[PDB]
Structures are given as structure tokens and as C-alpha cells.
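Asks: One structure, as C-alpha cells, below. Some questions next.
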Amino acid sequence: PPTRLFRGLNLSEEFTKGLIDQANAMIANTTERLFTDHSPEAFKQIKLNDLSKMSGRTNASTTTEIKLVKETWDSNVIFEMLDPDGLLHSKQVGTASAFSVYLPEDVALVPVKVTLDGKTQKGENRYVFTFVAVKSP
């Protein structure tokens, strides 16, 4: 299965600004504790924040092609998931780059980076939030 998948959300200016700060506070202060100590608490905290609004979902729509997200929904926030263990139960749906995705309760989307990536057709900053999918310690 594909190890990089994208999905976009259109989010408000106010909310995006707050989502970037939350992401950055986790990358600096919660994901080190997951990545160095293997803290079971870190993991839980990560699942609880659900930065990308993914938790519990069983057929959330994704694509291998970030451009498809840009051209179809022109999302200002794009969620990039790195799944080298295939813990997302990825299934092709179709459009040949469309995959359907399930995030188990013992798989966290660990945020690792937030990155500016041009502008939407409306002239919003577009941001990409990158995650690595990890199993519970």
C-alpha cells in the first residue's frame, strides 16, 4: 500500500492560526516524549488532540496526489500522512489515486512538521501538516 497520503480541510483563518500553534507545541513538547521515551502518555495526548480530525474514522478519503486535493477542494490546510508500516488499512477506491483509510485506536498520527506551501486560489496561505503513523508504545 501507499505510504504517503494526503487529505485537505478548508479551515478558518482564526482556527488555522490556532491549529498551527497546537501542532508546533506538540512537535516540540509531546512528540519528543513519544519519540525518545516511548511515553504511553505522550501517545494518548496525541490521540486526544486529533489535530487532523481523524480519530475513530474507518473510511476517510485520501489521495496519493496532493495536487488532486489542491485542484478539487483548494484546501488551505492539507494533512500529509506517512504510513511506512501500513497501519492505515489503505484501500483503493476508483481517480486511480483515491484511497480509503481507517485509523485504529492504537495508531496515533504523530505530528512532525508544519510547513507553508504557497497560497490557495483565494490567496490564503496553504499549510501542510505532516504526520507519521505510529503504534502505541
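Residue numbers start at 1 in each chain; chains themselves are named A, B, ... in the order of the C-alpha cells; ligands are numbered from 1 in the order shown.
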Just list the residues in range 15-134 of chain A DSSP gives helix (DSSP H, G or I) on the backbone, as a ChimeraX atom specification.
Replies: /A:15-29,31-37,40-49,66-73
Asks: Export C-alpha atoms of the chosen residues as a PDB file, in the first residue's frame?
Replies:
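The resulting file, again29.pdb, is shown below:
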```pdb
ATOM      1  CA  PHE A  15      -8.838  28.250  13.603  1.00  0.00           C
ATOM      2  CA  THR A  16      -5.833  27.602  11.317  1.00  0.00           C
ATOM      3  CA  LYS A  17      -3.694  30.033  13.320  1.00  0.00           C
ATOM      4  CA  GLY A  18      -4.598  28.099  16.448  1.00  0.00           C
ATOM      5  CA  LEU A  19      -4.063  24.707  14.778  1.00  0.00           C
ATOM      6  CA  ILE A  20      -0.525  25.676  13.706  1.00  0.00           C
ATOM      7  CA  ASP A  21       0.367  26.681  17.270  1.00  0.00           C
ATOM      8  CA  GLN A  22      -1.082  23.462  18.696  1.00  0.00           C
ATOM      9  CA  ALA A  23       0.856  21.398  16.144  1.00  0.00           C
ATOM     10  CA  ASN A  24       4.062  23.262  16.912  1.00  0.00           C
ATOM     11  CA  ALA A  25       3.585  22.895  20.661  1.00  0.00           C
ATOM     12  CA  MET A  26       3.182  19.167  20.195  1.00  0.00           C
ATOM     13  CA  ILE A  27       6.083  18.780  17.847  1.00  0.00           C
ATOM     14  CA  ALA A  28       8.306  20.410  20.427  1.00  0.00           C
ATOM     15  CA  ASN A  29       6.844  19.131  23.656  1.00  0.00           C
ATOM     16  CA  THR A  31       6.334  14.149  20.169  1.00  0.00           C
ATOM     17  CA  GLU A  32       9.863  14.166  21.631  1.00  0.00           C
ATOM     18  CA  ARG A  33       8.444  12.311  24.634  1.00  0.00           C
ATOM     19  CA  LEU A  34       6.803   9.875  22.281  1.00  0.00           C
ATOM     20  CA  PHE A  35       9.856   9.570  20.032  1.00  0.00           C
ATOM     21  CA  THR A  36      12.626   9.385  22.677  1.00  0.00           C
ATOM     22  CA  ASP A  37      10.990   7.962  25.858  1.00  0.00           C
ATOM     23  CA  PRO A  40       2.420   5.903  26.669  1.00  0.00           C
ATOM     24  CA  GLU A  41       1.109   9.240  27.956  1.00  0.00           C
ATOM     25  CA  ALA A  42       2.577  11.168  25.008  1.00  0.00           C
ATOM     26  CA  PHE A  43       0.739   8.785  22.679  1.00  0.00           C
ATOM     27  CA  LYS A  44      -2.600   9.274  24.467  1.00  0.00           C
ATOM     28  CA  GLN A  45      -2.191  13.043  24.469  1.00  0.00           C
ATOM     29  CA  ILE A  46      -1.551  12.890  20.722  1.00  0.00           C
ATOM     30  CA  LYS A  47      -4.672  10.777  20.051  1.00  0.00           C
ATOM     31  CA  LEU A  48      -6.710  13.119  22.271  1.00  0.00           C
ATOM     32  CA  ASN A  49      -5.799  16.234  20.314  1.00  0.00           C
ATOM     33  CA  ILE A  66      -1.579  16.385  -3.186  1.00  0.00           C
ATOM     34  CA  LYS A  67      -2.463  18.230  -6.402  1.00  0.00           C
ATOM     35  CA  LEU A  68      -5.813  16.428  -6.584  1.00  0.00           C
ATOM     36  CA  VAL A  69      -6.617  17.882  -3.169  1.00  0.00           C
ATOM     37  CA  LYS A  70      -5.489  21.334  -4.324  1.00  0.00           C
ATOM     38  CA  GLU A  71      -7.450  21.303  -7.589  1.00  0.00           C
ATOM     39  CA  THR A  72     -10.612  19.762  -6.180  1.00  0.00           C
ATOM     40  CA  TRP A  73     -11.126  21.466  -2.809  1.00  0.00           C
TER      41      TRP A  73
END
```
Asks: Kindly assemble as a Markdown table a list of the range 37-66 of chain A residues that lie within 12 Å of range 80-83 of chain A, each paired with its nearest atom pair and their distance in Å to one decimal, using only C-alpha atoms, sorted first by chain and then by ascending residue number.
Replies:
```
| residue | atom | partner | partner_atom | distance |
| --- | --- | --- | --- | --- |
| A:51 | CA | A:80 | CA | 11.8 |
| A:52 | CA | A:80 | CA | 9.5 |
| A:54 | CA | A:81 | CA | 11.0 |
| A:62 | CA | A:81 | CA | 9.4 |
| A:63 | CA | A:80 | CA | 9.8 |
| A:64 | CA | A:80 | CA | 9.5 |
| A:65 | CA | A:80 | CA | 10.4 |
| A:66 | CA | A:80 | CA | 8.5 |
```
Asks: Please produce a file of those selected residues containing N, CA and C atoms, as a tab-separated table (two decimals), in the first residue's frame.
Replies:
```
chain	number	residue	atom	x	y	z
A	51	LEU	N	-5.42	16.33	15.79
A	51	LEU	CA	-5.18	17.59	15.08
A	51	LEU	C	-5.86	17.59	13.73
A	52	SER	N	-5.81	16.46	13.03
A	52	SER	CA	-6.34	16.35	11.69
A	52	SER	C	-7.79	15.87	11.65
A	54	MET	N	-9.32	12.92	12.65
A	54	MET	CA	-9.19	11.60	12.03
A	54	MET	C	-9.62	10.49	12.96
A	62	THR	N	-8.67	9.89	1.07
A	62	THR	CA	-7.29	10.37	0.88
A	62	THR	C	-6.87	10.19	-0.57
A	63	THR	N	-5.76	10.81	-0.94
A	63	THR	CA	-5.20	10.58	-2.25
A	63	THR	C	-3.69	10.56	-2.13
A	64	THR	N	-3.05	9.84	-3.06
A	64	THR	CA	-1.60	9.92	-3.18
A	64	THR	C	-1.14	11.26	-3.73
A	65	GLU	N	-2.02	11.98	-4.43
A	65	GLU	CA	-1.63	13.18	-5.18
A	65	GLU	C	-2.12	14.43	-4.45
A	66	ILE	N	-1.18	15.19	-3.91
A	66	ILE	CA	-1.58	16.38	-3.19
A	66	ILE	C	-2.27	17.34	-4.14
```
Asks: Return the single residue from A:114, A:93, A:128, A:134 that is closest to residue 38 in chain A, with distances computed using only C-alpha atoms.
Replies: A:134
Asks: Show which residues sit within 12 Å of residue 118 in chain A, as a PDB file with N, CA, C and O atoms, in the first residue's frame. Count only C-alpha atoms, and ignore same-chain residues fewer than 2 positions away.
Replies:
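Here's the written file result.pdb:
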```pdb
ATOM      1  N   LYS A  70      -5.564  19.909  -4.026  1.00  0.00           N
ATOM      2  CA  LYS A  70      -5.489  21.334  -4.324  1.00  0.00           C
ATOM      3  C   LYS A  70      -6.514  21.723  -5.372  1.00  0.00           C
ATOM      4  O   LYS A  70      -7.254  22.692  -5.195  1.00  0.00           O
ATOM      5  N   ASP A  74      -9.178  22.928  -3.083  1.00  0.00           N
ATOM      6  CA  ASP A  74      -8.300  24.064  -2.796  1.00  0.00           C
ATOM      7  C   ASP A  74      -8.168  24.287  -1.302  1.00  0.00           C
ATOM      8  O   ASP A  74      -8.234  25.410  -0.809  1.00  0.00           O
ATOM      9  N   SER A  75      -7.973  23.187  -0.576  1.00  0.00           N
ATOM     10  CA  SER A  75      -7.837  23.262   0.875  1.00  0.00           C
ATOM     11  C   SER A  75      -6.732  24.241   1.285  1.00  0.00           C
ATOM     12  O   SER A  75      -5.647  24.241   0.705  1.00  0.00           O
ATOM     13  N   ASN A  76      -6.989  25.053   2.339  1.00  0.00           N
ATOM     14  CA  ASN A  76      -5.898  25.828   2.951  1.00  0.00           C
ATOM     15  C   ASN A  76      -5.084  25.022   3.958  1.00  0.00           C
ATOM     16  O   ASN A  76      -3.950  25.403   4.260  1.00  0.00           O
ATOM     17  N   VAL A  77      -5.605  23.905   4.462  1.00  0.00           N
ATOM     18  CA  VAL A  77      -4.850  23.017   5.335  1.00  0.00           C
ATOM     19  C   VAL A  77      -4.816  21.643   4.682  1.00  0.00           C
ATOM     20  O   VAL A  77      -5.854  21.102   4.290  1.00  0.00           O
ATOM     21  N   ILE A  78      -3.630  21.071   4.563  1.00  0.00           N
ATOM     22  CA  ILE A  78      -3.502  19.743   3.991  1.00  0.00           C
ATOM     23  C   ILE A  78      -2.774  18.862   4.992  1.00  0.00           C
ATOM     24  O   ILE A  78      -1.776  19.270   5.598  1.00  0.00           O
ATOM     25  N   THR A 115       4.320  23.211   7.600  1.00  0.00           N
ATOM     26  CA  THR A 115       5.111  23.802   6.527  1.00  0.00           C
ATOM     27  C   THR A 115       4.240  24.626   5.597  1.00  0.00           C
ATOM     28  O   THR A 115       3.229  24.138   5.090  1.00  0.00           O
ATOM     29  N   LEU A 116       4.674  25.844   5.331  1.00  0.00           N
ATOM     30  CA  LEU A 116       3.985  26.695   4.381  1.00  0.00           C
ATOM     31  C   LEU A 116       4.156  26.140   2.969  1.00  0.00           C
ATOM     32  O   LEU A 116       5.195  25.577   2.630  1.00  0.00           O
ATOM     33  N   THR A 120      -3.659  29.396  -1.655  1.00  0.00           N
ATOM     34  CA  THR A 120      -4.854  28.886  -2.320  1.00  0.00           C
ATOM     35  C   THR A 120      -5.284  29.857  -3.424  1.00  0.00           C
ATOM     36  O   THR A 120      -4.806  30.991  -3.507  1.00  0.00           O
ATOM     37  N   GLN A 121      -6.178  29.402  -4.300  1.00  0.00           N
ATOM     38  CA  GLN A 121      -6.714  30.302  -5.320  1.00  0.00           C
ATOM     39  C   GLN A 121      -7.416  31.533  -4.724  1.00  0.00           C
ATOM     40  O   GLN A 121      -7.540  32.553  -5.413  1.00  0.00           O
ATOM     41  N   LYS A 122      -7.881  31.473  -3.470  1.00  0.00           N
ATOM     42  CA  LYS A 122      -8.430  32.656  -2.819  1.00  0.00           C
ATOM     43  C   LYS A 122      -7.339  33.538  -2.206  1.00  0.00           C
ATOM     44  O   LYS A 122      -7.643  34.602  -1.658  1.00  0.00           O
ATOM     45  N   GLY A 123      -6.078  33.133  -2.287  1.00  0.00           N
ATOM     46  CA  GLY A 123      -4.998  33.886  -1.675  1.00  0.00           C
ATOM     47  C   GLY A 123      -4.786  33.652  -0.198  1.00  0.00           C
ATOM     48  O   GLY A 123      -4.194  34.513   0.465  1.00  0.00           O
ATOM     49  N   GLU A 124      -5.273  32.529   0.345  1.00  0.00           N
ATOM     50  CA  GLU A 124      -4.928  32.096   1.696  1.00  0.00           C
ATOM     51  C   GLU A 124      -3.576  31.403   1.683  1.00  0.00           C
ATOM     52  O   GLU A 124      -3.226  30.696   0.737  1.00  0.00           O
ATOM     53  N   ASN A 125      -2.838  31.551   2.768  1.00  0.00           N
ATOM     54  CA  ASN A 125      -1.719  30.657   2.971  1.00  0.00           C
ATOM     55  C   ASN A 125      -2.245  29.240   3.005  1.00  0.00           C
ATOM     56  O   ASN A 125      -3.298  28.962   3.591  1.00  0.00           O
ATOM     57  N   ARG A 126      -1.529  28.349   2.338  1.00  0.00           N
ATOM     58  CA  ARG A 126      -1.777  26.922   2.462  1.00  0.00           C
ATOM     59  C   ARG A 126      -0.670  26.332   3.315  1.00  0.00           C
ATOM     60  O   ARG A 126       0.504  26.659   3.128  1.00  0.00           O
ATOM     61  N   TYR A 127      -1.057  25.516   4.281  1.00  0.00           N
ATOM     62  CA  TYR A 127      -0.128  24.877   5.190  1.00  0.00           C
ATOM     63  C   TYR A 127      -0.260  23.372   5.059  1.00  0.00           C
ATOM     64  O   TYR A 127      -1.366  22.847   4.940  1.00  0.00           O
ATOM     65  N   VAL A 128       0.864  22.678   5.126  1.00  0.00           N
ATOM     66  CA  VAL A 128       0.876  21.227   5.171  1.00  0.00           C
ATOM     67  C   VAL A 128       1.382  20.791   6.527  1.00  0.00           C
ATOM     68  O   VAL A 128       2.467  21.188   6.974  1.00  0.00           O
TER      69      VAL A 128
END
```
Asks: Can you measure CA of residue 85 in chain A to CA of residue 107 in chain A for me? One decimal in Å is fine.
Replies: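 According to the coordinates, CA of residue 85 in chain A and CA of residue 107 in chain A are separated by 10.6 Å.
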Asks: One number please: CA of residue 104 in chain A to CA of residue 6 in chain A, in Å, one decimal.
Replies: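 Between CA of residue 104 in chain A and CA of residue 6 in chain A the gap works out to 17.7 Å.
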Asks: Would you mind listing what lies within 8 Å of residue 61 in chain A as an MDAnalysis selection string, with only C-alpha atoms counted and same-chain residues fewer than 4 positions away left out?
Replies: chainID A and resid 7 98:101
Asks: Using DSSP on the backbone, list every residue of range 58-103 of chain A that comes out as strand (DSSP E or B), and give them as JSON, numbers by chain.
Replies: {"A": [60, 61, 62, 63, 77, 78, 79, 80, 81, 82, 91, 92, 98, 99, 100, 101]}
Asks: In Å, with one decimal, what is the gap from CA of residue 87 in chain A to CA of residue 30 in chain A?
Replies: 20.9 Å
